[PDB]
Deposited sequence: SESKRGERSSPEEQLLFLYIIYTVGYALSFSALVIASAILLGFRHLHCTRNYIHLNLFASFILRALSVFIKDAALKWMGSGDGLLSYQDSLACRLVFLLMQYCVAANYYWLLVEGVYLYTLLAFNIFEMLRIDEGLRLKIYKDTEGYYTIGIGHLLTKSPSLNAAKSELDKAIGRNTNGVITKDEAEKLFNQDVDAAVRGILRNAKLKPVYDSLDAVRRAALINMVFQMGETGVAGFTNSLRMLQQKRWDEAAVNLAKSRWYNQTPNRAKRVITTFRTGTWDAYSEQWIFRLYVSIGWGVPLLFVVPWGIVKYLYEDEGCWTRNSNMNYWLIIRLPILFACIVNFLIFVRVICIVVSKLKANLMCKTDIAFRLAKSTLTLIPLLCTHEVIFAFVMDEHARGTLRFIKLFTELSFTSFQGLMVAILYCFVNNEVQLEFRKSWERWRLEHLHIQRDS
């Protein structure tokens, strides 16, 4: 039947958005309620969820307005459609920042953490404690003799130093120190079990302290290292503040304790970038959705602007989206070589967060952007393409599923608090 087909697809679409909405609100509720989940990654997700929830709201509003001059002629419809188009470009751009965040998350490592903490020197300097340092955090000897420090550096660099050392030579010695730091952990009976129980990020947190103090020194934190292995992050955090290390160099300590406490790079994460992401996810939409809304109100106003087929004015919401998809696929491309390397190199297990996120993210990029890309310059078997409307509807649900319900972290939060109820 013709009428029966058109009605059944409508059912699946609305229950798609009903289930989507419900699930995404529950998920955002979870990310917001549990304190441990308060990190930049999940904040980006909450923005993404918002874009999907708001899209859902538009769907439900349009539907309620069917209930009693017609609705297609009204201006309130054209407004709800502009809100929905904004959400759609917000979906695709919070996905672009979801892609960018993932890329940089793969690009930040210990080498970028220690370049931030330790600084860079070109010439040899006599530090406060008495050690001559140069390069990135490379202490030479405490022996109070600049002549002998320059020589001690010359054997450690090969050619004659003179005092000034080039950027490439410093990066070479920096690599040397970091290999030495990880070997020092693994050659340490108290640091290896905890290091092998830590995830890559908290691993880099441990490496950092070794780079500053040394293997035999951070081993001293017996009180803290035990509760780090027992996965009790917050109880160790307050314990590491009560340290000599925290009172000696506190700005460095706070960053590293936060990295133990959270498991993210957020304490090495400039506060202005999260801005520029909330700006690109929500802002740049506003940079091509509203001038569309104008040419559509001015030059193409016909039945809530659905009869969108005349002239260039279709392109200017499809090209910016098209452009995001292109990159999101370039990103999609580059990322995978990244992950193949990092898993081949054993640099990145499958238990880690950068990988878990590429699982999610790299799924959604094509599942969202692929259709966009195929029919790249098409403007417009009929019961077949109807099924695209079932995918989009459930899109919202899928995100929640992928970005909260199957996410390991939140499941640990649930079990942890039921246990707090029993005890």
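- Comparing the deposited sequence with the modelled residues shows gaps at 1-9, 78-84, 397-403, 447-455, with numbering starting at 1.
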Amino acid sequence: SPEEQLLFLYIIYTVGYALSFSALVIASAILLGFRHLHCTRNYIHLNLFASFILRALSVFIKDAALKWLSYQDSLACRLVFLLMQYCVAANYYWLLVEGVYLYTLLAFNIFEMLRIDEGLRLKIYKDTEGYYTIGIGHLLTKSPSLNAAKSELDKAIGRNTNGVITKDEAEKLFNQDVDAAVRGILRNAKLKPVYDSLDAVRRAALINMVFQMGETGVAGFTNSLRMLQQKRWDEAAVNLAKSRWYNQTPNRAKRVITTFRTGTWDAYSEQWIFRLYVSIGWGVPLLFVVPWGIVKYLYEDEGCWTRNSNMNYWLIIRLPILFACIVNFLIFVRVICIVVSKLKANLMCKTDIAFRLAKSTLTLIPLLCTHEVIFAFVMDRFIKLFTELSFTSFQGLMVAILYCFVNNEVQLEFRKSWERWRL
From here on, numbers count along this sequence of modelled residues.
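- Stretch comparison (229-237 versus 293-301) by mean CA B-factor in the PDB entry places 229-237 on top.
- Stretches 155-163 and 114-122 differ in mean C-alpha B factor, with the higher average recorded for 155-163.
- Of the candidates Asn91, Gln85, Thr216, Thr104, the PDB record gives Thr216 the highest C-alpha temperature factor.
- Ranking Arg78, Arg203, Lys242, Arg255 by Cα temperature factor from the entry places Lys242 first.
- The deposited CA B-factor of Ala148 belongs to the highest third of values across its chain.
- For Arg55, the recorded CA temperature factor ranks within the lowest third of the chain's modelled residues.
- The deposited CA B-factor of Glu270 belongs to the lowest third of values across its chain.
- Per the PDB record, residue ranking by Cα B-factor puts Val378 in the middle third of the chain.
- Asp196 sits in the middle third of its chain by CA B factor, as recorded in the PDB entry.
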